[PDB]
């Protein structure tokens, strides 16, 4: 079913992080940054609790990676995130120079890797980040679905 170090194996770890966001009552998105099959950064969405509009899963994983690698450039790393990245995160991926982003569910309204727009393969960027899409898309989208319901199950 899920071989060690395959995309699904790392995405499942990202889903463990997306659940931390779930517990903190934030949109459940998780991300893990991997280099040579070692975790060098982990993150979950938490803009509300951090009072920070930039606190997305991807930004958190990328900033930790920079610290772990002692380099703002994260050459050859692969960033796994449970939801297609937004424009901000796609831009951050370009500046980080990572090798690839692997995402789960598509974000139909604001995804920047094909959905709302494509930032990553736009011709004028100075670095091409490869894209793998739809890994465990169903579980990723169900987590989000369970959240937007259990959430309206709050608006009394």
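Residue numbers count along the first chain shown, from 1.
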(message) Mean Cα B factor from the PDB record: higher for 145-153, or higher for 2-10?
(response) 145-153
(request) Can you let me know which of the two, 108-116 or 56-64, has the higher average C-alpha B-factor in the entry? (result) 108-116
(message) I'd like to know which of 123, 30, 49, 41 has the highest C-alpha temperature factor in the PDB entry.
(response) 123
(request) Determine, from the deposited record, the chain-internal third of the Cα B-factor for residue 97: lowest, middle or highest. (result) middle
